[PDB]
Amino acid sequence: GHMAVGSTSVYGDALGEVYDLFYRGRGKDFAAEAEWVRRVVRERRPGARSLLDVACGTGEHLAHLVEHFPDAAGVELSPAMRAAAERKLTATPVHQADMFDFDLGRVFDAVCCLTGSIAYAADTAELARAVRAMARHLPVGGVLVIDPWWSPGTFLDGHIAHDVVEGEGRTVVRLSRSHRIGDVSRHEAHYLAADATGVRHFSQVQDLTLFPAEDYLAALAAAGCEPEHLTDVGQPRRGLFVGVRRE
């Protein structure tokens, strides 16, 4: 007889999601990036052994860093990410908190915020608040490492990417697109998945602010750190912003 077909769609706000972050992570060199942090910190703070990673996602960078920085922690707003990070690490707490205003009641030799995550900040004032909150988790001589998002100058229009993962009984395809709006880059990601249970379609739209170099350096100085822009680490044409907390 005739058999109906159906769909259900649910819509809402989104934060870090396990599989999404797994999936994005596939061609990503967590090792190289952890190395940037280790190197820039140890140059400025040779004995550094404690580290906080702010908006740490799945905790994968921490899994690299902890060999060098055995007294480590994470901060993640997404309950799902926080639980997945904590599962993956050993005796490394991951705290559920807002990068924009958090306080853990301790300091660390280094604080990092990686892969442009700081550009969830919507404006310069909010950027400054995040960098301040990071800086108060440092002692004098502590190192603050920001892997910035793109600037208005360096953001490239026209980006489109896809990926495919074909497993046993399950295939997932991904397509993504980005475009500029004012001083925001808007990122669209769509997934289709198919297995024995059926087909699913997932989508997410997220904005990141395009801050010029001056705004990052400024945020560092206002947070009581001596600001550097380093171009021999980080991604080409963006580099890293580093601050050493001043007495």
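Residues carry their position along the shown sequence, with the first being 1.
If you take the mean CA temperature factor per stretch, which one wins between 87 to 95 and 108 to 116?
Mean C-alpha B-factor is greater for 87 to 95.
Of 25 to 33 and 181 to 189, which one has the bigger average CA B-factor?
According to the entry, 25 to 33 carries the higher average C-alpha B-factor.
Once the chain's modelled residues are ordered by C-alpha B factor and cut into thirds, is residue 234 in the lowest, middle or highest one?
Within its chain, residue 234 is a middle-third residue by C-alpha B-factor, going by the deposited values.
Chain thirds of CA B-factor: placement of residue 166
It belongs to the highest third of the chain when residues are ordered by C-alpha B-factor.
Of the three thirds of its chain by CA temperature factor, lowest, middle or highest, which one includes residue 148?
For residue 148, whose C-alpha B-factor we compare with every modelled residue in the chain, the answer is the lowest third.
Comparing against every modelled residue in the chain, figure out the third that the C-alpha B-factor of residue 197 lands in (lowest, middle or highest).
Highest third.
Within-chain third of residue 206 by Cα B-factor, per the entry:
Residue 206: CA B-factor falls in the lowest third of its chain.
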